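S.K.: The structure that follows is given in the form of structure tokens.
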Amino acid sequence: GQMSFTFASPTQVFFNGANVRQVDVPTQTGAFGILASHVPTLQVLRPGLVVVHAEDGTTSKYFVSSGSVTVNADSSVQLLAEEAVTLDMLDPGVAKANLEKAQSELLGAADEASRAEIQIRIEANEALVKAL
Amino acid sequence: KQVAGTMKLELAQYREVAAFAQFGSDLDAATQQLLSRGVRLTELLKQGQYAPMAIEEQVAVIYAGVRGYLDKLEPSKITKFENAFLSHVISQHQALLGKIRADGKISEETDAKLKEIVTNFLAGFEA
Amino acid sequence: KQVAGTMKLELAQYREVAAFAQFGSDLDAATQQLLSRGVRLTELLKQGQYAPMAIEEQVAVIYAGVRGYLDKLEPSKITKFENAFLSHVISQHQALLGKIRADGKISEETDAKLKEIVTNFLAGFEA
Amino acid sequence: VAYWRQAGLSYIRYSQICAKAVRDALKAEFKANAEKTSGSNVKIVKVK
Amino acid sequence: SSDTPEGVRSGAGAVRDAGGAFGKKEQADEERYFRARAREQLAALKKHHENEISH
Amino acid sequence: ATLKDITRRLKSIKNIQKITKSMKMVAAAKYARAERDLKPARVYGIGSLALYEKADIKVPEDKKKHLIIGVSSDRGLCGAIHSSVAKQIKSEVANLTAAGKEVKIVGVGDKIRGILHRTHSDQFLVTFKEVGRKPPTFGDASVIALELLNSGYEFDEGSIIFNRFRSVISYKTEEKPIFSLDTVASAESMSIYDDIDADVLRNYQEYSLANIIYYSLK
Amino acid sequence: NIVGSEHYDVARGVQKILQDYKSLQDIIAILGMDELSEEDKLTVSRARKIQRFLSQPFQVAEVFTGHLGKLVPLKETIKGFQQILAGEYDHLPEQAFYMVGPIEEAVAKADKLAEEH
Amino acid sequence: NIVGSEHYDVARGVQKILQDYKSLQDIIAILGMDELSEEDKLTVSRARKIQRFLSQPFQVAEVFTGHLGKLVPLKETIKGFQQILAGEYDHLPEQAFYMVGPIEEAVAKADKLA
Amino acid sequence: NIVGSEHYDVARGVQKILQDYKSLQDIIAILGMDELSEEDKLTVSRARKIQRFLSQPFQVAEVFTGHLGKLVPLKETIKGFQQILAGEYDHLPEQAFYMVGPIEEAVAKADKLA
């Protein structure tokens with residue numbers, strides 16, 4: 001109650017000043033739930049789906065890629081994300097194939113930071129399939 | 001008179017917007033269309049020396065352009081398409097160019113009969 | 001002919017590139033060697049009135065700037081450089097100018113002999 | 001701290017890769033909006 | 001004037017034939033730009049490997 | 001003048017007149033596009049800034065390094081746009097040098113570097129050209145902000161200068177600060193906040209650098 | 001029908017790119033050279049090489065120039081101009097065609113300018 | 001020789017800054033003032049005060065405007081065109097140079113429009 | 001002092017309103033429509049009523065275009081445009097004014113639409 005939820009891509013805007021009681025965000029260092037007066041933090045995101053529960057009967061299943069959640073002192077949040085798409089624009093069939101090919105290059109990485117780049121890529125496709 | 005009355009109006013709308021062609025990509029899709037028809041109507045107007053045509057062959061080439069049957073063909077190919085299309089309709093559609101020469105007008109029967117002709121040729125053309 | 005032929009061709013490349021009065025790109029190594037040499041060659045061509053120089057004295061002024069011995073000086077002082085350098089040649093180096101006149105051409109013995117005196121002057125003229 | 005930490009990376013270098021994978025899992029219809037953003041146009045000029 | 005066949009109308013290539021301020025600003029901009037392209041096309045023309053073996 | 005002299009000068013100002021009419025309708029259809037694409041990028045630009053106003057943050061007494069980010073285009077014919085931001089960058093550098101701070105500046109346009117090539121050719125960090133031909137996007141705000149980190153220059157305060165417009169007629173050159181350092185962002189107004197460490201605030205304060213550039217570029 | 005169809009479509013191909021170069025100079029006077037697109041930065045650079053390739057060192061003008069007298073045959077004049085139009089010499093600067101004979105000396109003069117950097 | 005080497009050098013600097021201003025009037029009229037250089041916003045900003053400093057209130061035209069007729073000596077119209085061509089008076093507007101005598105009344109007019 | 005004050009202030013306002021539509025037709029063509037004020041939307045609507053009320057079917061063309069040729073006296077034309085300016089007949093659509101005689105036959109043509 002008496003909240004404000006803002007959800008904006010760089011090119012488009014989903015929510016402006018319209019809050020619905022509960023926001024689920026995948027944090028880099030875990031996960032959290034927003035329930036009308038959460039103790040404010042400054043967190044950053046991991047690849048994972050955002051399921052905003054509208055009042056409105058049902059929920060809203062978005063899927064962010066990397067953004068920033070700023071819940072602040074007054075009861076108002078500002079969730080800004082870079083690639084915030086829904087579910088139906090994605091195809092599951094291409095997401096299955098992209099996993100094991102990046103696992104195949106993981107053994108074939110000679111350097112230490114180039115292999116660390118491969119570990120970033122397999123994590124994002126892992127949250128891709130399990131969200132589907 | 002029937003086809004060239006719209007061609008005269010179509011070319012006159014092009015000459016208004018000829019000064020936007022040198023730097024134009026951020027314009028409206030109607031203005032991009034008005035440039036697209038004006039270039040392709042111009043290539044129909046070019047003509048070699050000592051080759052005078054007939055009025056029944058002239059009205060067919062204008063009918064191919066003013067209807068909209070050329071806005072997907074590349075602007076450099078409009079000359080090669082025209083010399084191919086004219087030698088077709090002389091030998092294979094001689095009985096249509098005797099019903100515009102003798103009739104004088106273009107009826108509703110000849111409007112449909114010319115309509116599948118330029119759709120048959122445009123379908124398999126590039127070979 | 002051995003000293004003005006490479007003076008004319010360095011002015012012709014100056015007039016083509018120095019018509020802007022509004023520069024936006026700094027081509028400091030590219031053309032500012034060319035565009036700031038022709039400024040010096042132009043002010044070398046100014047003259048007073050009722051003062052006709054001799055022909056062999058004229059070579060000793062053009063050769064001082066076409067091979068690039070003036071490229072360090074300020075542009076406001078090139079006319080002050082010449083009426084001091086005109087005195088230093090006509091008094092102490094008369095037999096040098098007697099060779100340029102009587103032969104009619106400059107040679108390789110005279111070329112390096114003329115190279116030193118402009119360098120001793122420039123090392124002493126500046127204050 | 002993670003594997004992209006302590007190996008010498010930045011969070012933009014993290015955020016470039018995980019957002020690039022979402023633009024590869026899109027369909028043929030929404031591939032143009034992945035071509036739309038595609039922000040590789042700024043050139044690099046350092047004087048040395 | 002120009003909205004009739006009688007009056008004076010301007011053709012293509014009339015800024016250079018006038019020879020004024022804009023006619024001189026155009027000639028020194030085609031030269032100061034295509035001077036740098038005689039640098040990059042000549043510096044990369046020295047990168048022939050067969051010449052370096054001769055060097 | 002002669003009749004041949006009058007006619008040739010008259011025809012030349014017909015072509016200059018017809019071309020500036022054609023270049024008015026071209027750059028007005030580029031204006032209506034940039035007005036529609038600003039309003040989604042406004043609230044996303046406002047929201048990323050909105051954390052710092054609900055906190056009393058200021059660079060307190062003295063810090064050793066600095067950055068000025070000069071934002072302009074790679075195009076001319078725009079009046080006094082580039083001259084205003086070149087006037088504001090020279091005012092701030094001459095004022096901060098009274099406090100003994102070392103200043104390094106970076107220009108994201110050609111015509112910023114071309115103006116300042118004489119007086120400040122040794123205070124440049126990097127310069128970014130080919131900006132303004134195509135419309136700016138968020139990927140170009142990530143290319144610039146990535147190379148501002150991995151250069152070797154570890155700075156502690158900074159500010160950005162750009163032209164926030166009020167209307168079709170009147171714009172304004174403005175000033176906004178960049179708290180890039182983690183410890184100046186470690187003050188009394190963050191101890192009220194939650195479990196954020198110096199690793200989480202390291203990742204977060206970097207991402208707001210890419211959100212002030214995309215705000216500035218639009 | 002007299003000079004053959006190969007000479008004819010080369011002559012009109014030269015005049016069409018020179019006349020289209022004339023209408024482009026009216027834009028560069030207000031915009032500039034660099035603000036043009038990449039497609040018409042090429043038709044200028046093809047036209048400037050066609051202007052300079054037409055100039056030939058004459059024989060009776062040796063005392064003006066000092067250069068030597070060239071005499072290009074007819075079959076070589078067409079084949080020189082097909083290759084600048086088609087784009088087979090986009091890797092040379094403009095100065096490599098000034099006061100040359102056939103197209104063979106246009107690349108020999110191109111390398112001799114390179115080494116003095 | 002006849003008028004000197006100091007009179008002849010200031011009088012040729014005035015005809016140099018007024019000729020370069022005359023070659024930029026074809027561009028300032030089209031593209032405005034904001035398309036020039038930075039060193040060519042100083043030839044314009046100085047020739048527009050030498051032009052107004054070649055105005056003088058005559059003695060027989062007292063019944064036209066009601067201004068006093070002013071006379072200058074020859075040694076003081078050399079000093080007035082050195083302190084403008086050098087850049088001593090680059091903090092005054094152009095209209096302060098309008099219809100005065102010697103150079104001392106130009107600074108006694110710019111204090112009025114303060 | 002020739003045609004009187006009744007003819008004057010009617011025919012003066014017609015050419016003034018026909019200029020404002022000529023100046024506002026350029027912002028609408030370049031920028032767009034809805035940005036202009038609500039007081040200007042009536043001047044756009046009224047000036048398309050006036051420039052169609054100037055049309056008139058002639059008696060020499062009765063055979064071709066089929067309409068009836070109308071000969072309007074002077075006191076009807078001044079009475080007509082005195083009411084279009086005041087917003088008195090503004091709620092009627094545009095095609096009631098195309099090719100009519102006096103203002104009386106205008107409202108008799110709004111009934112036949114739909």
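Within each chain, counting starts at residue 1; across the structure tokens, chains are named A, B, ... in the order shown, with ligands numbered 1 upward in that order.
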Got a sec: who's within 10 Å of residue B:93, counting only C-alpha atoms, leaving out chain neighbours fewer than 6 positions off, as a ChimeraX atom specification?

M.R.: /B:87,114,117

S.K.: Go ahead and dump the residues you just picked, N, CA and C atoms, as a tab-separated table (two decimals), in the first residue's frame.

M.R.:
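Saved result, out04.tsv, follows:
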```
chain	number	residue	atom	x	y	z
B	87	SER	N	8.88	-7.24	-77.32
B	87	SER	CA	9.06	-8.29	-78.32
B	87	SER	C	8.20	-9.51	-78.00
B	114	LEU	N	-5.25	-7.47	-70.42
B	114	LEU	CA	-3.91	-6.91	-70.25
B	114	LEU	C	-3.39	-7.12	-68.83
B	117	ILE	N	-1.40	-10.35	-68.36
B	117	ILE	CA	-0.26	-10.42	-69.26
B	117	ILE	C	0.99	-9.88	-68.59
```

S.K.: Excluding residue F:93 and its own-chain neighbours fewer than 4 positions away, which residues fall within 12 Å of it when counting only C-alpha atoms? Please give them as a PyMOL selection string.

M.R.: chain F and resi 65-69+86-89+97-105+119-120+123+158-159

S.K.: Using C-alpha atoms, can you export the residues from the last selection as a tab-separated table (two decimals), in the first residue's frame?

M.R.:
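Resulting contents of result.tsv:
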```tsv
chain	number	residue	atom	x	y	z
F	65	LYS	CA	41.74	14.06	-10.03
F	66	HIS	CA	38.79	15.06	-12.23
F	67	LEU	CA	36.86	14.32	-15.42
F	68	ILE	CA	34.93	16.65	-17.69
F	69	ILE	CA	32.85	14.92	-20.37
F	86	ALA	CA	33.06	24.91	-25.27
F	87	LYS	CA	32.48	28.07	-23.24
F	88	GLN	CA	31.29	26.16	-20.18
F	89	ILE	CA	34.18	23.68	-20.19
F	97	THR	CA	42.85	24.85	-11.06
F	98	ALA	CA	42.74	27.38	-8.22
F	99	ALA	CA	42.28	24.39	-5.89
F	100	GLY	CA	45.26	22.51	-7.37
F	101	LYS	CA	43.29	19.62	-8.86
F	102	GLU	CA	44.58	17.76	-11.91
F	103	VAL	CA	41.93	17.68	-14.65
F	104	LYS	CA	41.60	15.28	-17.58
F	105	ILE	CA	38.83	15.89	-20.14
F	119	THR	CA	44.80	25.25	-25.81
F	120	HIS	CA	44.23	21.80	-24.25
F	123	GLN	CA	44.61	17.17	-21.23
F	158	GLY	CA	33.70	14.52	-12.23
F	159	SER	CA	30.90	16.26	-14.07
```

S.K.: Taking the backbone alone, and naming residues the way the document does, which bits of chain H are helix (DSSP H, G or I) by DSSP, as an MDAnalysis selection string?

M.R.: chainID H and resid 7:20 25:31 33:35 40:53 62:65 76:79 94:97 104:107

S.K.: Give me the RMSD in Å over all C-alpha atoms, paired in order, after least-squares superposition of chain B onto chain C.

M.R.: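 That gives an RMSD of 1.3 Å.
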
S.K.: Output the coordinates of chain H after least-squares fitting to chain I on all in-order C-alpha pairs, as a CSV table (one decimal) with C-alpha atoms, in the first residue's frame.

M.R.:
```csv
chain,number,residue,atom,x,y,z
H,1,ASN,CA,-16.6,56.7,-48.8
H,2,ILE,CA,-17.8,55.3,-52.1
H,3,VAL,CA,-18.9,51.8,-51.3
H,4,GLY,CA,-19.9,52.6,-47.7
H,5,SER,CA,-18.7,51.9,-44.2
H,6,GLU,CA,-20.5,48.5,-43.9
H,7,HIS,CA,-19.3,47.1,-47.2
H,8,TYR,CA,-15.8,48.1,-46.5
H,9,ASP,CA,-15.7,46.5,-43.0
H,10,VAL,CA,-16.9,43.0,-44.0
H,11,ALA,CA,-14.7,43.0,-47.0
H,12,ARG,CA,-11.6,43.6,-44.9
H,13,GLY,CA,-12.5,40.9,-42.4
H,14,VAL,CA,-12.5,38.3,-45.1
H,15,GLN,CA,-9.0,39.3,-46.3
H,16,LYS,CA,-7.9,39.0,-42.6
H,17,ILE,CA,-9.0,35.5,-41.9
H,18,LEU,CA,-7.7,34.2,-45.2
H,19,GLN,CA,-4.2,35.7,-44.7
H,20,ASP,CA,-3.8,34.1,-41.2
H,21,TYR,CA,-4.8,30.7,-42.7
H,22,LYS,CA,-2.1,31.3,-45.3
H,23,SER,CA,0.6,31.7,-42.7
H,24,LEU,CA,-0.2,28.3,-41.0
H,25,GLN,CA,0.0,26.1,-44.1
H,26,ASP,CA,3.7,25.5,-43.5
H,27,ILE,CA,3.0,23.9,-40.1
H,28,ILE,CA,-0.2,22.0,-40.8
H,29,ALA,CA,1.5,20.3,-43.6
H,30,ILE,CA,4.3,19.0,-41.3
H,31,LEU,CA,3.0,18.7,-37.8
H,32,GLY,CA,-0.6,18.1,-38.7
H,33,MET,CA,-3.7,19.6,-37.2
H,34,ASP,CA,-3.3,18.5,-33.6
H,35,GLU,CA,-0.4,20.9,-32.9
H,36,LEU,CA,-2.3,24.2,-33.2
H,37,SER,CA,-3.9,26.2,-30.4
H,38,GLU,CA,-7.6,26.1,-29.5
H,39,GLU,CA,-8.3,29.6,-30.9
H,40,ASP,CA,-6.3,28.7,-34.1
H,41,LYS,CA,-8.5,25.7,-34.7
H,42,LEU,CA,-11.2,28.3,-35.4
H,43,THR,CA,-9.3,30.4,-37.9
H,44,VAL,CA,-8.8,27.3,-39.9
H,45,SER,CA,-12.3,26.0,-39.4
H,46,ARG,CA,-13.8,29.3,-40.6
H,47,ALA,CA,-11.5,30.1,-43.5
H,48,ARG,CA,-12.3,26.6,-45.0
H,49,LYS,CA,-15.9,27.7,-45.4
H,50,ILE,CA,-15.3,31.2,-46.8
H,51,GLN,CA,-13.0,29.6,-49.4
H,52,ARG,CA,-15.9,27.3,-50.4
H,53,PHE,CA,-18.4,30.2,-50.2
H,54,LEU,CA,-16.4,32.0,-52.9
H,55,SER,CA,-17.6,29.3,-55.3
H,56,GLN,CA,-20.6,29.9,-57.5
H,57,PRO,CA,-22.4,28.0,-60.3
H,58,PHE,CA,-22.2,30.1,-63.4
H,59,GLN,CA,-24.9,30.5,-66.0
H,60,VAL,CA,-22.9,29.6,-69.1
H,61,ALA,CA,-21.5,26.5,-67.4
H,62,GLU,CA,-24.9,24.8,-67.3
H,63,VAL,CA,-23.7,22.4,-70.0
H,64,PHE,CA,-20.7,21.4,-68.0
H,65,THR,CA,-22.2,20.0,-64.7
H,66,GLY,CA,-25.9,20.4,-65.2
H,67,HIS,CA,-26.4,22.7,-62.3
H,68,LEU,CA,-28.6,25.8,-62.4
H,69,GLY,CA,-27.0,29.2,-62.9
H,70,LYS,CA,-27.5,31.4,-59.8
H,71,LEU,CA,-27.3,35.1,-59.4
H,72,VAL,CA,-27.1,37.0,-56.1
H,73,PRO,CA,-27.7,40.7,-55.3
H,74,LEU,CA,-25.1,43.0,-53.8
H,75,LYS,CA,-27.0,43.5,-50.6
H,76,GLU,CA,-27.1,39.7,-49.9
H,77,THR,CA,-23.4,39.0,-50.4
H,78,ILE,CA,-22.8,41.4,-47.4
H,79,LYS,CA,-25.2,39.4,-45.2
H,80,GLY,CA,-23.5,36.1,-46.2
H,81,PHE,CA,-20.1,37.1,-44.9
H,82,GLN,CA,-21.4,38.5,-41.6
H,83,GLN,CA,-23.1,35.3,-40.5
H,84,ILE,CA,-19.8,33.4,-41.1
H,85,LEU,CA,-17.3,35.8,-39.6
H,86,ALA,CA,-19.5,36.2,-36.5
H,87,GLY,CA,-19.9,32.5,-35.8
H,88,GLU,CA,-23.6,31.9,-36.6
H,89,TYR,CA,-22.9,28.8,-38.7
H,90,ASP,CA,-20.4,26.8,-36.6
H,91,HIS,CA,-22.6,23.7,-36.7
H,92,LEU,CA,-22.4,22.9,-40.4
H,93,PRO,CA,-19.8,21.0,-42.5
H,94,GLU,CA,-17.7,22.7,-45.1
H,95,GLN,CA,-19.1,20.8,-48.0
H,96,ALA,CA,-22.6,22.2,-47.4
H,97,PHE,CA,-21.2,25.6,-48.4
H,98,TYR,CA,-20.1,24.2,-51.8
H,99,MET,CA,-21.5,25.6,-55.0
H,100,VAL,CA,-24.6,27.5,-53.9
H,101,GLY,CA,-26.0,31.0,-54.4
H,102,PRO,CA,-27.0,33.0,-51.3
H,103,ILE,CA,-26.7,32.0,-47.7
H,104,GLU,CA,-30.2,30.4,-47.4
H,105,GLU,CA,-29.3,27.5,-49.6
H,106,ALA,CA,-26.4,26.5,-47.4
H,107,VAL,CA,-28.7,25.5,-44.6
H,108,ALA,CA,-31.0,23.9,-47.2
H,109,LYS,CA,-28.1,21.6,-48.1
H,110,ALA,CA,-26.8,20.6,-44.7
H,111,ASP,CA,-30.1,18.9,-43.9
H,112,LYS,CA,-29.5,16.4,-46.8
H,113,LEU,CA,-26.3,15.0,-45.3
H,114,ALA,CA,-28.0,14.3,-41.9
```

S.K.: Determine, counting only C-alpha atoms, which protein, DNA and RNA residues have an atom within 8 Å of an atom of residue B:75; residues of the same chain fewer than 5 positions away are not included. Present the result as a VMD selection string.

M.R.: chain B and resid 39 to 40 43

S.K.: What would the file look like if the residues just selected were written as a PDB file, in the first residue's frame with C-alpha atoms?

M.R.:
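Final file, part-v4.pdb:
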```
ATOM      1  CA  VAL B  39      12.327   7.496 -61.434  1.00  0.00           C
ATOM      2  CA  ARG B  40      10.687   4.455 -63.006  1.00  0.00           C
ATOM      3  CA  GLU B  43      13.002   5.280 -67.727  1.00  0.00           C
TER       4      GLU B  43
END
```

S.K.: Once you count only C-alpha atoms, which residues of chain G turn out to be within 12 Å of chain B? Could you give them as a PyMOL selection string?

M.R.: chain G and resi 1+20+23-28+31+35-40

S.K.: Show me, as a tab-separated table, the residues of chain F having an atom within 12 Å of chain E, each with the closest atom pair and its distance in Å, using only C-alpha atoms.

M.R.:
```
residue	atom	partner	partner_atom	distance
F:4	CA	E:18	CA	10.1
F:5	CA	E:18	CA	8.2
F:6	CA	E:18	CA	9.7
F:7	CA	E:8	CA	8.4
F:8	CA	E:18	CA	5.4
F:9	CA	E:18	CA	5.7
F:10	CA	E:10	CA	8.2
F:11	CA	E:10	CA	4.8
F:12	CA	E:15	CA	4.9
F:13	CA	E:15	CA	7.9
F:14	CA	E:10	CA	6.4
F:15	CA	E:10	CA	7.1
F:16	CA	E:15	CA	8.1
F:17	CA	E:10	CA	11.1
F:18	CA	E:10	CA	10.3
F:19	CA	E:15	CA	11.9
```

S.K.: Using only C-alpha atoms, please write the residues we just selected to a file, as a tab-separated table (two decimals), in the first residue's frame.

M.R.:
```
chain	number	residue	atom	x	y	z
F	4	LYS	CA	27.23	38.70	-67.77
F	5	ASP	CA	28.29	39.43	-64.19
F	6	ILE	CA	24.76	40.04	-62.87
F	7	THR	CA	23.28	36.85	-64.36
F	8	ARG	CA	25.98	34.52	-63.00
F	9	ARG	CA	25.73	35.86	-59.46
F	10	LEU	CA	21.93	35.67	-59.63
F	11	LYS	CA	21.85	31.99	-60.61
F	12	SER	CA	24.25	31.04	-57.81
F	13	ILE	CA	21.92	32.27	-55.07
F	14	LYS	CA	19.10	30.27	-56.60
F	15	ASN	CA	20.94	27.00	-55.94
F	16	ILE	CA	21.94	28.06	-52.42
F	17	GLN	CA	18.31	29.00	-51.75
F	18	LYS	CA	16.87	25.74	-53.10
F	19	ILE	CA	19.32	23.58	-51.14
```

S.K.: Quick one: pull the distance between atom CA of residue C:78 and atom CA of residue C:35, Å, one decimal.

M.R.: 16.5 Å
